[PDB]
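In structure tokens, the next block holds one chain alone, the form deposited in one PDB entry.
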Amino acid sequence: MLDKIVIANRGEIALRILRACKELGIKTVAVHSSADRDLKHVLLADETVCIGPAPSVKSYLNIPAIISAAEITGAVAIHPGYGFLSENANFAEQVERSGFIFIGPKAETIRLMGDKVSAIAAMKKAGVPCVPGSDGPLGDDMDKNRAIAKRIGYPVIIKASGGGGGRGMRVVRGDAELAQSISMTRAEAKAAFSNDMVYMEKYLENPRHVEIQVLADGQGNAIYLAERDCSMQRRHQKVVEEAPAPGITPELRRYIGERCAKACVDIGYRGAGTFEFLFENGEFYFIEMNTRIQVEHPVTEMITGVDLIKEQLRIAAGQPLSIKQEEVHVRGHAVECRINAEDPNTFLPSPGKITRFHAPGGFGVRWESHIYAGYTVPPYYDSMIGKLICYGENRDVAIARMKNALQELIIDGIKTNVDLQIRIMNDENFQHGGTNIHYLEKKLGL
């Protein structure tokens, strides 16, 4: 087991990682900005290093500062959590070059799956179903681009290869908009990624977002841990997640899971990862792979019993997976509501000082948050301040427990989305299940 690690993150996920480390007897080094001295996990960590001022560019994105912290404390590995540098292949490469273990895949694998064109080609080769598309980048020949659009069939969508997560894409429903849509998508990618590569895919009108959790070790084992539905979104930001996904049969779960596990073997994947799909008319279509742990991992933990952070750490130390595929069973149902410090009318972040705080409790209730009474949510980072996860023997019990837990949650002094989450739990279409990626925005419009 790893002697000591740097937790290269903040907020709820840093706390999540710290607890896993403590369970395994791994010493913790909490690197933090000057604005984050009073983070719960920093206060609980074995050692702390202030790596820079509040702005992320000088702290949580500061590669030299993070590697220096690892060097100075005699740490042996770095866990990047999610966001920040977790999908930064150059960072992973520098970590391993500097002699530390990166808790994630090989840098080459991060790079492969961080290029959407190259990622799709690899998934297609491995036998994972993808969206019909250009299977290659678009050039400047509009005769050729119209022909690709014709072959796919309108509507199509133009997507940046260096993008992802709903960033940098345009829907095209006819030839008259194709040239300008390609040109604008290209320009925005060049400005944002210094990578002007774009591709074309079939546009799916009303899909659900369904993603598959995998784990792969250094001994050749690769397993899938069922799926999560993350269709409840606003501007491509997930708001509620659940596992398993309503209406997915054991046969479908098996079909898609095995293809994901096989893909991991083919690409030499290591650690935790997620295959994201659009699901429509009973069919899966790969869009992207997240080569890292995700925000919503706890719903999969609740339904499988597998501690995914502890698995990441075990894999990094050179231990095989603690469970075999035949030992992975979906039991019960879990729902996650993201708790955001945000204004209810503008949806902009709403930082400030929490004056009273009370967490819900009870059977099947899991609260993931660093916040406490008297804690100030700083303005420099993401609006998500906690995650409420509720488990039940079925989806209805999970939803009932969430309603009750949301009612016990007290966060005064700042504006939050608790009331909105209560509205969603009480929504008759959500209670039925299987709502698509457009539903929340449709509801919020009403």
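The first residue of the shown sequence is 1; numbering continues from there.
The same protein also has a form deposited with a partner chain bound, omitted here; what follows describes it.
The stretch from 199-207, 349-357, 220-228, 122-130 that comes within 4.5 Å of the partner chain in the deposited bound form, counting heavy atoms only, is 349-357. The candidate spot formed by 53, 68 and 380 is fully in contact with the partner chain in the deposited bound form: every one of the three has a heavy atom within 4.5 Å. Shown without its partner, this chain lists 254, 150, 235, 144 as candidates; in the deposited bound form, only 235 has a non-hydrogen atom within 4.5 angstroms of the partner chain. This chain is displayed alone, yet in the deposited bound form one of 341, 89, 182, 112 has a heavy atom within 4.5 Å of the partner chain; that residue is 341. When contacts are judged by a 4.5 Å heavy atom cut-off, residue 416 does not count as touching the partner chain in the deposited bound form.
The partner chain is not shown here, but in the deposited bound form it comes within 4.5 Å of a heavy atom of residue 49. The closest heavy atom approach of residue 191 to the partner chain in the deposited bound form falls outside 4.5 Å. Using a 4.5 angstroms threshold between heavy atoms, residue 176 stays clear of the partner chain in the deposited bound form. Rigid-part assignment between the shown form and the other one: residue 269 and residue 135 are grouped in different parts by superposition fit.
A decrease of at least 3 Å in the separation of the C-alpha atoms of residue 152 and residue 283 is found in the deposited bound form, compared with the displayed form. Relative to this form, the distance between the C-alpha atoms of residue 151 and residue 255 is reduced by at least 3 angstroms in the deposited bound form.
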